[PDB]
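There are 2 protein chains.
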Amino acid sequence: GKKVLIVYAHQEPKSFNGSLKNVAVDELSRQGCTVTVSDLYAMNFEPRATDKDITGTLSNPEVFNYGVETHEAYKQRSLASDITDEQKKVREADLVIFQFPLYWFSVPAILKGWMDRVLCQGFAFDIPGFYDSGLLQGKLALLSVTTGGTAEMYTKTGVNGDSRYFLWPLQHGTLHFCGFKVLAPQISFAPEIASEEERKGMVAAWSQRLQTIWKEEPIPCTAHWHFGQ
Amino acid sequence: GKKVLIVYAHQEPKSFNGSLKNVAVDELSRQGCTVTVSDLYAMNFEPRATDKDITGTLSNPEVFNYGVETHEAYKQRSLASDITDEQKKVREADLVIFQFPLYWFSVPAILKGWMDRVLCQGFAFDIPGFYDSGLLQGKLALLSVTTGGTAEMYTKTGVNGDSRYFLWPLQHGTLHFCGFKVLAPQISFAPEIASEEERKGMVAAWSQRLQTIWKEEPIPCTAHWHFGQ
Ligand SMILES: Cc1cc2nc3c(=O)[nH]c(=O)nc-3n(C[C@H](O)[C@H](O)[C@H](O)COP(=O)(O)O)c2cc1C
Ligand SMILES: Cc1cc2nc3c(=O)[nH]c(=O)nc-3n(C[C@H](O)[C@H](O)[C@H](O)COP(=O)(O)O)c2cc1C
Ligand SMILES: Oc1ccc(/C=C/c2cc(O)cc(O)c2)cc1
Ligand SMILES: Oc1ccc(/C=C/c2cc(O)cc(O)c2)cc1
Ligand SMILES: [Zn+2]
Ligand SMILES: [Zn+2]
Numbered sequence: 003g004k005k006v007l008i009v010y011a012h013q014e015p016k017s018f019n020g021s022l023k024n025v026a027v028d029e030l031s032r033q034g035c036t037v038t039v040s041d042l043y044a045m046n047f048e049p050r051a052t053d054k055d056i057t058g059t060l061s062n063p064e065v066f067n068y069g070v071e072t073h074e075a076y077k078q079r080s081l082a083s084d085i086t087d088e089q090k091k092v093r094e095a096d097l098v099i100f101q102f103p104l105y106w107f108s109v110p111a112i113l114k115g116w117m118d119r120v121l122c123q124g125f126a127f128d129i130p131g132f133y134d135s136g137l138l139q140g141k142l143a144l145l146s147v148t149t150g151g152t153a154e155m156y157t158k159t160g161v162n163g164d165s166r167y168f169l170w171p172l173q174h175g176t177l178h179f180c181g182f183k184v185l186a187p188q189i190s191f192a193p194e195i196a197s198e199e200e201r202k203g204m205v206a207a208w209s210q211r212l213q214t215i216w217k218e219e220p221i222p223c224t225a226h227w228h229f230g231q
Numbered sequence: 003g004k005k006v007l008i009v010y011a012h013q014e015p016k017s018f019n020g021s022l023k024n025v026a027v028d029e030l031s032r033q034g035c036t037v038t039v040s041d042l043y044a045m046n047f048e049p050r051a052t053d054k055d056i057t058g059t060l061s062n063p064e065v066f067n068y069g070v071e072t073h074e075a076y077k078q079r080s081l082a083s084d085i086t087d088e089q090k091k092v093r094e095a096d097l098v099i100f101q102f103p104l105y106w107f108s109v110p111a112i113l114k115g116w117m118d119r120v121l122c123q124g125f126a127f128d129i130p131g132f133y134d135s136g137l138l139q140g141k142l143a144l145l146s147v148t149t150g151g152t153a154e155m156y157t158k159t160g161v162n163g164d165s166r167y168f169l170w171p172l173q174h175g176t177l178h179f180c181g182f183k184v185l186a187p188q189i190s191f192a193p194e195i196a197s198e199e200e201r202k203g204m205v206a207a208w209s210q211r212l213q214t215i216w217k218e219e220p221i222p223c224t225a226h227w228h229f230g231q
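Chains as they are written, first to last, in the UniProt record's numbering: chain A, 3 to 231; chain B, 3 to 231.
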């Protein structure tokens with residue numbers, strides 16, 4: 003059996019992102035997978051990395067260092083419960099799907115907040131214990147992104163550059179760093195201006211891909227894959 | 003005369019980021035510049051893009067579209083006051099400095115939230131004004147970043163890749179898109195493991211660069227600058 007966590011970042015359930023999340027739950031549940039959804043806006047998920055993320059005595063209350071304090075709080079079991087709840091969902095997952103609209107060539111801040119606060123030292127990685135030795139090794143991760151910009155816009159010679167260029171901080175700096183095996187991203191280009199038929203085709207392509215998701219190999223998460231260098 | 007806005011994202015005033023922000027205020031104020039600081043954690047700045055960003059009634063209450071609603075709210079002077087306050091600081095600025103520690107090869111979520119919510123359609127860009135024609139054309143922007151990783155790690159053959167690879171979503175996808183002239187980033191590598199003398203050298207390098215900031219030309223914000231090749 004497999005456990006899937008869907009980390010979802012969209013305000014509107016009737017949106018195209020909402021439809022992609024719903025077909026992921028539908029298809030994976032049909033396969034007999036165990037499915038969990040962290041609907042960040044519905045949870046009013048806290049995005050800010052603050053001293054409220056530590057419930058116990060701070061290691062150094064004179065000079066607050068978020069990384070040091072959260073690492074110590076993880077080992078002491080004194081992290082805020084909203085962080086621990088997400089870490090339990092991640093720890094048990096075989097696959098983590100991130101479903102979000104592209105905001106400024108990145109994740110919406112609420113999802114950036116989940117990354118910043120949930121993936122702390124001792125949990126996601128350690129020093130040493132990062133990249134191929136990351137603590138989330140063996141787990142799969144997949145970015146399912148929607149854009150405003152068209153596929154043509156997202157080309158080497160297009161105004162936005164190749165879509166792989168913006169994946170680097172998420173895929174390499176974050177997911178690879180934590181030891182995830184990164185599956186090929188699902189990019190659904192410009193659904194808002196696409197036709198009804200094209201929108202249906204994009205949802206069908208995602209549902210169809212999920213049917214064989216457990217057969218895929220991860221991408222080689224390198225500078226050459228992202229930039230051709 | 004010149005107006006400078008410093009958008010600052012660090013929880014601890016005694017930090018290295020705090021020292022960089024303080025020397026930027028000191029040097030620019032000494033030059034006779036008009037200086038404003040948006041200390042995001044001190045303001046408990048809201049990072050989430052929600053329907054609370056629009057005051058009064060929505061354009062379409064049946065299906066909530068953040069982009070459409072904020073664009074309409076901007077034209078109708080119906081945006082939340084925290085957004086409008088930031089837009090006034092940006093509108094008047096000749097230079098916007100972003101001072102932040104690197105979080106997951108990107109900005110901390112609180113600063114990602116400022117970008118998501120402040121830089122709305124009608125304000126920062128429109129059709130036709132984007133990239134070179136962006137509504138913030140003529141304004142300068144500068145990313146002053148601190149990292150955990152060393153300069154050696156941030157090379158093309160290093161574990162993290164070239165530091166220019168992670169700048170693409172911030173410099174091109176956000177700042178250039180809005181029409182800013184992007185000044186060369188200030189990257190201060192691994193201050194935490196640097197000696198007291200090295201930390202002083204990095205702060206002095208920033209203070210010295212600010213002395214001739216108004217003489218600089220912006221970078222050519224292209225795929226070739228970031229990835230070339
Ligand atoms: C704050 C904000 C920033 C955005 N930044 C980008 C961007 O960098 N690139 C892009 O192609 N679209 C961008 N968009 C457009 C969204 O990606 C697009 O509206 C969304 O993917 C459509 O999916 P949906 O219908 O489910 O909302 C942005 C939208 C918002 C609200
Ligand atoms: C949530 C989080 C994520 C981080 N991600 C990165 C990263 O992607 N790359 C990096 O080199 N350092 C990363 N760091 C380390 C910080 O960038 C580093 O501690 C900071 O720049 C030091 O500046 P300061 O002493 O003023 O805090 C991260 C730290 C935190 C808390
Ligand atoms: O609380 C924390 C959470 C995350 C981090 C991440 C650090 C990091 C450092 C690098 O050199 C490369 C990278 O890809 C990530 C540090 C503290
Ligand atoms: O409120 C907002 C609504 C829409 C957007 C879109 C941004 C965007 C940024 C890019 O670099 C390329 C692009 O094709 C689109 C930003 C803010
Ligand atoms: Zn990688
Ligand atoms: Zn550019």
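Every residue, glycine too, gets a C-beta built ideally from N, C-alpha and C.
Relative to the alpha-carbon of residue i, which residue among the options has its alpha-carbon at the smallest distance?
i	options	result
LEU104(B)	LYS54(A), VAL9(A), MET117(A)	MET117(A)
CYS223(A)	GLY151(A), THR176(A), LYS158(A)	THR176(A)
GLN89(A)	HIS226(A), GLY34(A), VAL120(A)	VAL120(A)
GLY20(B)	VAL205(B), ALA225(B), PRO220(B), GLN213(B)	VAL205(B)
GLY203(A)	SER190(A), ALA82(A), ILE215(A), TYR76(A)	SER190(A)
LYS141(A)	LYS54(A), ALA153(A), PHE125(A), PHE182(A)	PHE182(A)
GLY3(A)	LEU60(A), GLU94(A), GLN78(A), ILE85(A)	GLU94(A)
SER31(B)	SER135(B), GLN139(B), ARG201(B), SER209(B)	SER209(B)
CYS122(A)	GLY136(A), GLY58(A), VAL37(A)	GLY136(A)
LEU22(A)	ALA111(A), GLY34(A), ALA207(A)	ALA207(A)
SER83(B)	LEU60(B), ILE56(B), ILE215(B)	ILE56(B)
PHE18(B)	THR72(B), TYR76(B), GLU200(B)	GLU200(B)
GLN213(B)	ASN24(B), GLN33(B), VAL37(B)	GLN33(B)
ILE85(B)	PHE125(B), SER61(B), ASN24(B)	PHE125(B)
residue 232(B)	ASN62(A), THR159(A), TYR76(A)	In the structure as shown, chain B begins at 3 and stops at 231. Residue 232(B) is therefore absent and cannot be evaluated.
Taking 7 Å as the cut-off, is the C-beta of residue i nearer than that to any heavy atom in ligand 6?
i	result
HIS178(A)	no
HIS226(B)	no
residue 241(B)	In the structure as shown, chain B begins at 3 and stops at 231. Residue 241(B) is therefore absent and cannot be evaluated.
Taking the alpha-carbon positions, what's the residue i to residue j distance?
i	j	result
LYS5(A)	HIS228(A)	28 Å
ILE195(A)	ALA11(B)	35 Å
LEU172(B)	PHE179(B)	10 Å
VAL70(B)	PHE132(B)	17 Å
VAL184(A)	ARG211(A)	15 Å
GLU198(B)	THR157(B)	24 Å
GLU219(A)	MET155(A)	28 Å
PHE127(B)	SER80(A)	44 Å
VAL9(A)	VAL109(B)	20 Å
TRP106(B)	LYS114(A)	9 Å
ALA192(A)	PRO130(B)	18 Å
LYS91(A)	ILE221(B)	43 Å
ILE112(B)	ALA111(A)	7 Å
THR72(A)	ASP87(A)	15 Å
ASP134(B)	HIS174(B)	11 Å
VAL37(B)	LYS54(B)	29 Å
Does ligand 1 have a heavy atom nearer than 7 Å to the CB of residue i?
i	result
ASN19(A)	yes
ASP118(B)	yes
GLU194(A)	yes
residue 320(B)	The requested residue 320(B) does not occur in the structure, where chain B is confined to residues 3 to 231.
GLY160(B)	no
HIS73(B)	no
Run the proximity test for residue i: is its beta-carbon closer than 7 Å to any non-hydrogen atom belonging to ligand 5?
i	result
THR59(A)	no
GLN173(A)	yes
Between residue i and ligand 3, is the CB less than 7 Å from at least one heavy atom?
i	result
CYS122(A)	yes
Would you check whether ligand 4 has a heavy atom nearer than 7 Å to the C-beta of residue i?
i	result
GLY131(B)	no
Report whether the distance from the Cβ of residue i to the nearest heavy atom of ligand 2 is below 7 Å.
i	result
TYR105(B)	yes
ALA206(A)	no
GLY151(B)	yes
| Going along the chain, which residues of the stretch 64-83 of chain A sit with their C-beta nearer than 8 Å to a C-beta in chain B? | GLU64, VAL65, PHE66, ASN67, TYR68, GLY69
| In chain order, what residues of the stretch 88-121 of chain A put their CB closer than 7 Å to some CB of chain B? | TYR105, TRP106, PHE107, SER108, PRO110, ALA111, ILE112, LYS114, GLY115, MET117, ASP118
| said: Could you check whether the stretch 139-157 of chain B touches the stretch 101-115 of chain B, counting it as contact only if at least three pairs of C-beta atoms, one from each stretch, sit closer than 8 Å? | reply: yes
| request: Anything in the stretch 131-152 of chain B with a Cβ closer than 9 Å to a Cβ of chain A? List those residues in chain order, please. | output: Residues passing the 9 Å Cβ filter: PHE132, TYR133, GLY150.
| field | Contact residues within the stretch 153-171 of chain B, judged by C-beta distance below 8 Å to chain A | value | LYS158, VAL161, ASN162, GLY163, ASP164, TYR167, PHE168, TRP170, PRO171
| Inter-stretch contact (C-beta, 8 Å, three-pair minimum) for the stretch 38-53 of chain A and the stretch 38-57 of chain B | yes
| message | Using a Cβ-Cβ cutoff of 7 Å, what residues of the stretch 190-216 of chain B are near chain A? List them in chain order. | response | none
| Quick check: the stretch 60-74 of chain B against the stretch 13-20 of chain A, are there 3 or more CB pairs under 8 Å? | yes
| task | Would you check if there are 3 or more beta carbon pairs closer than 8 Å linking the stretch 161-170 of chain A to the stretch 156-172 of chain B? | result | yes
| field | Selection of the stretch 5-20 of chain A by Cβ proximity to chain B, strictly under 8 Å | value | Legend: CB atoms of the stretch 5-20 of chain A lying less than 8 Å from CB atoms of chain B belong to residues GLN13, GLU14, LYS16, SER17.
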